[PDB]
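See below for the structure under consideration.
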Amino acid sequence: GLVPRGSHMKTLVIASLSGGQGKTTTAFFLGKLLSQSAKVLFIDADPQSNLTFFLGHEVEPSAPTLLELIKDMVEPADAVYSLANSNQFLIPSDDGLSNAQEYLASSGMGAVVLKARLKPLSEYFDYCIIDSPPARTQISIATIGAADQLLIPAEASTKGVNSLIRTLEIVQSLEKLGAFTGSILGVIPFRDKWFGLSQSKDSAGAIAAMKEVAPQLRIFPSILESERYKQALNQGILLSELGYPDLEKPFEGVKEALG
């Protein structure tokens, strides 16, 4: 079972309404860093289920997951699984999580369903980290609804900037309807190309344009373009442990802004 403390769980949602390895990468490393001295609940709200894979969890055949939780087929704790780390837990996802789409649409209140489904767990964790689907979908909107704090990864490219723009309007509209009651923690640009001492004019331009579009948002130091992220992910370890601590700094920076 779950040992309940006196905590009030802060839900942090990694949402970019476009594809790329950024959300999953950020959820994974950020969740692990937070767990160093706090109890962390991971939620893999992506039907690809990469976060579940990279955390080393495999869903057993008839086991209840995020889908059962969303559709209210099970107590919220029955969908929580412990991981190797004593401070990390997971509401996993697998194949037919996209069946939550219809359920959420047809409820008339999809954007607050997940928020409601998670309240029973508030007292058991310090942080909840949600990896959201890489498009605008009912599930994606529900993850945003659930947020106390929203972190927007954005590719350091023209496509990344437009993606950020779409995402901010979706949030703005969820705010007006009373679904989104959190705040935007900031933007973390990723796939920022450097050629040693000098950065790509394209990356530089895109990040510069991100400040123009959202002048009120914090733009975090970027996640460099690097194959190391995927290498650490594949082995289920931190970048510092893999032996590349510098690559871990932008996640540390987000952790800092959370305390």
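Starting from 1 in every chain, residues are counted up; chains themselves are A, B, ... following the order of the structure tokens, and ligands are numbered from 1 as listed.
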Task: Per-residue DSSP, range 171-203 of chain A, filtered to strand (DSSP E or B), as a PyMOL selection string - done: chain A and resi 183-192+194-195+198-199
Residues just named, written with N, CA and C atoms as a compact mmCIF listing (two decimals), in the first residue's frame:
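Saved as again34.txt:
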```txt
# COMPACT_ATOMS: atom_id res chain seq x y z
N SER A 183 -0.16 27.71 -13.32
CA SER A 183 0.61 28.74 -14.00
C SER A 183 1.61 28.10 -14.96
N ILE A 184 2.11 28.89 -15.90
CA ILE A 184 3.10 28.37 -16.84
C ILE A 184 4.46 28.60 -16.21
N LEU A 185 5.15 27.50 -15.89
CA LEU A 185 6.46 27.56 -15.25
C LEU A 185 7.50 28.14 -16.22
N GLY A 186 7.37 27.81 -17.49
CA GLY A 186 8.25 28.36 -18.50
C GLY A 186 8.39 27.48 -19.72
N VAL A 187 9.32 27.86 -20.58
CA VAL A 187 9.60 27.19 -21.84
C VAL A 187 11.03 26.64 -21.78
N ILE A 188 11.20 25.38 -22.16
CA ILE A 188 12.55 24.84 -22.25
C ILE A 188 12.85 24.45 -23.70
N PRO A 189 13.65 25.27 -24.41
CA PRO A 189 13.98 24.92 -25.80
C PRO A 189 14.87 23.67 -25.85
N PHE A 190 14.63 22.80 -26.84
CA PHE A 190 15.44 21.59 -26.98
C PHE A 190 15.93 21.43 -28.42
N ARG A 191 16.84 20.49 -28.65
CA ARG A 191 17.43 20.27 -29.98
C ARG A 191 18.13 21.56 -30.46
N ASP A 192 18.77 22.24 -29.50
CA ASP A 192 19.54 23.46 -29.73
C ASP A 192 20.92 23.11 -30.28
N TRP A 194 24.69 23.28 -31.46
CA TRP A 194 25.94 24.03 -31.40
C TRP A 194 27.05 23.37 -32.24
N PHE A 195 27.90 24.19 -32.84
CA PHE A 195 29.06 23.68 -33.53
C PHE A 195 30.29 24.08 -32.74
N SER A 198 30.34 27.98 -31.34
CA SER A 198 29.30 28.83 -31.94
C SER A 198 27.98 28.07 -32.17
N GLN A 199 26.85 28.70 -31.82
CA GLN A 199 25.57 28.04 -32.03
C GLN A 199 24.96 28.32 -33.40
```
TODO: Would you kindly return, as a ChimeraX atom specification, each protein, DNA or RNA residue with an atom no farther than 12 Å from any atom of residue 225 in chain A, considering only C-alpha atoms and excluding same-chain residues fewer than 2 positions away?
DONE: /A:20-22,25,155-157,189-196,199-200,203,222-223,227-230,247
Write the residues of the preceding selection, restricted to N, CA and C atoms, as a PDB file, in the first residue's frame.
```
ATOM      1  N   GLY A  20       8.457  14.985 -31.176  1.00  0.00           N
ATOM      2  CA  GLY A  20       9.822  15.183 -30.727  1.00  0.00           C
ATOM      3  C   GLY A  20      10.135  14.469 -29.419  1.00  0.00           C
ATOM      4  N   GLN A  21      11.421  14.360 -29.127  1.00  0.00           N
ATOM      5  CA  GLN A  21      11.866  13.609 -27.969  1.00  0.00           C
ATOM      6  C   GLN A  21      11.937  14.458 -26.678  1.00  0.00           C
ATOM      7  N   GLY A  22      11.711  15.765 -26.814  1.00  0.00           N
ATOM      8  CA  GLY A  22      11.730  16.707 -25.703  1.00  0.00           C
ATOM      9  C   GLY A  22      10.850  16.443 -24.472  1.00  0.00           C
ATOM     10  N   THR A  25      11.958  13.172 -22.677  1.00  0.00           N
ATOM     11  CA  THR A  25      13.291  13.389 -22.131  1.00  0.00           C
ATOM     12  C   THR A  25      13.225  14.239 -20.871  1.00  0.00           C
ATOM     13  N   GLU A 155      11.073  22.936 -29.648  1.00  0.00           N
ATOM     14  CA  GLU A 155      12.225  22.696 -30.502  1.00  0.00           C
ATOM     15  C   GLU A 155      12.812  24.032 -30.950  1.00  0.00           C
ATOM     16  N   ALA A 156      14.136  24.116 -30.986  1.00  0.00           N
ATOM     17  CA  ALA A 156      14.769  25.387 -31.307  1.00  0.00           C
ATOM     18  C   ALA A 156      14.855  25.502 -32.823  1.00  0.00           C
ATOM     19  N   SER A 157      13.681  25.640 -33.424  1.00  0.00           N
ATOM     20  CA  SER A 157      13.527  25.654 -34.864  1.00  0.00           C
ATOM     21  C   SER A 157      12.263  26.439 -35.136  1.00  0.00           C
ATOM     22  N   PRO A 189      13.646  25.270 -24.406  1.00  0.00           N
ATOM     23  CA  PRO A 189      13.978  24.916 -25.797  1.00  0.00           C
ATOM     24  C   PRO A 189      14.870  23.670 -25.855  1.00  0.00           C
ATOM     25  N   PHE A 190      14.635  22.804 -26.837  1.00  0.00           N
ATOM     26  CA  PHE A 190      15.441  21.591 -26.981  1.00  0.00           C
ATOM     27  C   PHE A 190      15.929  21.432 -28.422  1.00  0.00           C
ATOM     28  N   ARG A 191      16.838  20.486 -28.647  1.00  0.00           N
ATOM     29  CA  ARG A 191      17.429  20.271 -29.975  1.00  0.00           C
ATOM     30  C   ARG A 191      18.135  21.562 -30.458  1.00  0.00           C
ATOM     31  N   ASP A 192      18.769  22.239 -29.503  1.00  0.00           N
ATOM     32  CA  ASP A 192      19.538  23.460 -29.729  1.00  0.00           C
ATOM     33  C   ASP A 192      20.924  23.112 -30.279  1.00  0.00           C
ATOM     34  N   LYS A 193      21.138  23.289 -31.580  1.00  0.00           N
ATOM     35  CA  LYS A 193      22.396  22.861 -32.198  1.00  0.00           C
ATOM     36  C   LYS A 193      23.574  23.823 -31.951  1.00  0.00           C
ATOM     37  N   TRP A 194      24.689  23.277 -31.463  1.00  0.00           N
ATOM     38  CA  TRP A 194      25.944  24.026 -31.398  1.00  0.00           C
ATOM     39  C   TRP A 194      27.046  23.369 -32.236  1.00  0.00           C
ATOM     40  N   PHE A 195      27.896  24.194 -32.836  1.00  0.00           N
ATOM     41  CA  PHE A 195      29.064  23.675 -33.535  1.00  0.00           C
ATOM     42  C   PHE A 195      30.290  24.083 -32.737  1.00  0.00           C
ATOM     43  N   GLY A 196      30.465  23.407 -31.603  1.00  0.00           N
ATOM     44  CA  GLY A 196      31.468  23.766 -30.633  1.00  0.00           C
ATOM     45  C   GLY A 196      31.213  25.126 -30.025  1.00  0.00           C
ATOM     46  N   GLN A 199      26.852  28.696 -31.819  1.00  0.00           N
ATOM     47  CA  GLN A 199      25.566  28.036 -32.033  1.00  0.00           C
ATOM     48  C   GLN A 199      24.963  28.317 -33.404  1.00  0.00           C
ATOM     49  N   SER A 200      24.220  27.326 -33.899  1.00  0.00           N
ATOM     50  CA  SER A 200      23.475  27.419 -35.144  1.00  0.00           C
ATOM     51  C   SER A 200      22.674  28.707 -35.182  1.00  0.00           C
ATOM     52  N   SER A 203      18.996  27.797 -34.628  1.00  0.00           N
ATOM     53  CA  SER A 203      18.675  27.612 -33.219  1.00  0.00           C
ATOM     54  C   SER A 203      18.629  28.941 -32.464  1.00  0.00           C
ATOM     55  N   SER A 222      18.704  25.935 -22.507  1.00  0.00           N
ATOM     56  CA  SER A 222      18.205  24.925 -23.424  1.00  0.00           C
ATOM     57  C   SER A 222      18.789  23.536 -23.222  1.00  0.00           C
ATOM     58  N   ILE A 223      18.074  22.546 -23.737  1.00  0.00           N
ATOM     59  CA  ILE A 223      18.574  21.190 -23.824  1.00  0.00           C
ATOM     60  C   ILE A 223      19.338  21.065 -25.143  1.00  0.00           C
ATOM     61  N   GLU A 227      23.146  13.103 -28.656  1.00  0.00           N
ATOM     62  CA  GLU A 227      22.738  11.707 -28.613  1.00  0.00           C
ATOM     63  C   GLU A 227      22.840  11.137 -27.200  1.00  0.00           C
ATOM     64  N   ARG A 228      23.455  11.892 -26.282  1.00  0.00           N
ATOM     65  CA  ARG A 228      23.658  11.394 -24.918  1.00  0.00           C
ATOM     66  C   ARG A 228      22.341  11.168 -24.181  1.00  0.00           C
ATOM     67  N   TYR A 229      21.377  12.067 -24.384  1.00  0.00           N
ATOM     68  CA  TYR A 229      20.065  11.957 -23.746  1.00  0.00           C
ATOM     69  C   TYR A 229      19.458  10.585 -24.012  1.00  0.00           C
ATOM     70  N   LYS A 230      19.457  10.199 -25.278  1.00  0.00           N
ATOM     71  CA  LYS A 230      18.862   8.937 -25.656  1.00  0.00           C
ATOM     72  C   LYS A 230      19.668   7.760 -25.100  1.00  0.00           C
ATOM     73  N   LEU A 247      25.077  18.222 -19.386  1.00  0.00           N
ATOM     74  CA  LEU A 247      23.855  18.033 -20.145  1.00  0.00           C
ATOM     75  C   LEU A 247      22.641  18.013 -19.223  1.00  0.00           C
TER      76      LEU A 247
END
```
- [ ] Tell me, as a ChimeraX atom specification, which residues lie within 8 Å of residue 43 in chain A, counting only C-alpha atoms; anything in the same chain fewer than 6 positions away does not count.
- [x] /A:66,90-92,128-131
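One distance worth recording is that between CA of residue 65 in chain A and CA of residue 258 in chain A, which is 27.9 Å.
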Open item on the list: I want to know what sits within 7 Å of residue 182 in chain A, based on only C-alpha atoms, with residues of the same chain fewer than 5 positions away left out; could you give that as a ChimeraX atom specification?
Closed with: /A:147-149
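Using only C-alpha atoms, the smallest distance between any of A:124, A:53, A:180, A:220 and residue 153 in chain A comes from A:220.
Minimum atom-to-atom distance to residue 210 in chain A, evaluated using only C-alpha atoms, belongs to A:163 out of A:50, A:173, A:240, A:163.
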Task: Contact residues around range 133-139 of chain A with only C-alpha atoms at 9 Å, ignoring same-chain residues under 6 positions, as a PyMOL selection string - done: chain A and resi 15-20+23+44-48+98+100-102+104-105+110-111+114+167+170
Open item on the list: Can you pull out the residues contacting residue 233 in chain A? Cut-off 12 Å, using only C-alpha atoms, and skip same-chain residues under 6 positions away; I want them as a list in words.
Closed with: residues 21, 24, 25, 26, 27, 28, 29, 32, 50, 51, 52, 53, 54, 55, 56, 227, 239, 241 and 242 of chain A
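As for CA of residue 257 in chain A and CA of residue 151 in chain A, they are spaced 11.2 Å apart.
When CA of residue 77 in chain A is paired with CA of residue 144 in chain A, their separation reads 21.1 Å.
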Task: DSSP-assigned helix (DSSP H, G or I) among range 81-138 of chain A, expressed as a list in words - done: residues 95, 96, 97, 98, 99, 100, 101, 102, 103, 104, 105, 110, 111, 112, 113, 114, 115, 116, 117, 118, 119, 120, 121, 122, 123, 124 and 138 of chain A
Write the selection just made, keeping C-alpha atoms, as a PDB file, in the first residue's frame?
```
ATOM      1  CA  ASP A  95      -1.728   0.075 -26.188  1.00  0.00           C
ATOM      2  CA  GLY A  96      -5.358   1.145 -26.009  1.00  0.00           C
ATOM      3  CA  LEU A  97      -4.840   4.266 -23.917  1.00  0.00           C
ATOM      4  CA  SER A  98      -6.156   6.136 -26.955  1.00  0.00           C
ATOM      5  CA  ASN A  99      -9.579   4.713 -26.089  1.00  0.00           C
ATOM      6  CA  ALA A 100      -9.625   7.379 -23.404  1.00  0.00           C
ATOM      7  CA  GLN A 101     -10.185   9.795 -26.296  1.00  0.00           C
ATOM      8  CA  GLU A 102     -13.847   8.971 -26.821  1.00  0.00           C
ATOM      9  CA  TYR A 103     -14.546   8.555 -23.103  1.00  0.00           C
ATOM     10  CA  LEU A 104     -13.136  12.021 -22.384  1.00  0.00           C
ATOM     11  CA  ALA A 105     -14.825  13.833 -25.276  1.00  0.00           C
ATOM     12  CA  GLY A 110     -12.507  15.952 -20.350  1.00  0.00           C
ATOM     13  CA  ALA A 111     -10.158  18.758 -19.359  1.00  0.00           C
ATOM     14  CA  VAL A 112     -10.927  18.301 -15.647  1.00  0.00           C
ATOM     15  CA  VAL A 113     -11.393  14.517 -15.512  1.00  0.00           C
ATOM     16  CA  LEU A 114      -7.731  13.679 -14.831  1.00  0.00           C
ATOM     17  CA  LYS A 115      -7.443  16.521 -12.277  1.00  0.00           C
ATOM     18  CA  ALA A 116     -10.397  14.906 -10.440  1.00  0.00           C
ATOM     19  CA  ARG A 117      -9.064  11.352 -10.804  1.00  0.00           C
ATOM     20  CA  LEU A 118      -5.773  12.383  -9.124  1.00  0.00           C
ATOM     21  CA  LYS A 119      -7.092  14.208  -6.048  1.00  0.00           C
ATOM     22  CA  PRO A 120      -7.241  11.033  -3.923  1.00  0.00           C
ATOM     23  CA  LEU A 121      -3.424  10.742  -4.378  1.00  0.00           C
ATOM     24  CA  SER A 122      -2.511  14.363  -3.415  1.00  0.00           C
ATOM     25  CA  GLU A 123      -1.414  13.429   0.107  1.00  0.00           C
ATOM     26  CA  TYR A 124       0.873  10.551  -0.880  1.00  0.00           C
ATOM     27  CA  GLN A 138      -8.576  14.932 -25.353  1.00  0.00           C
TER      28      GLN A 138
END
```
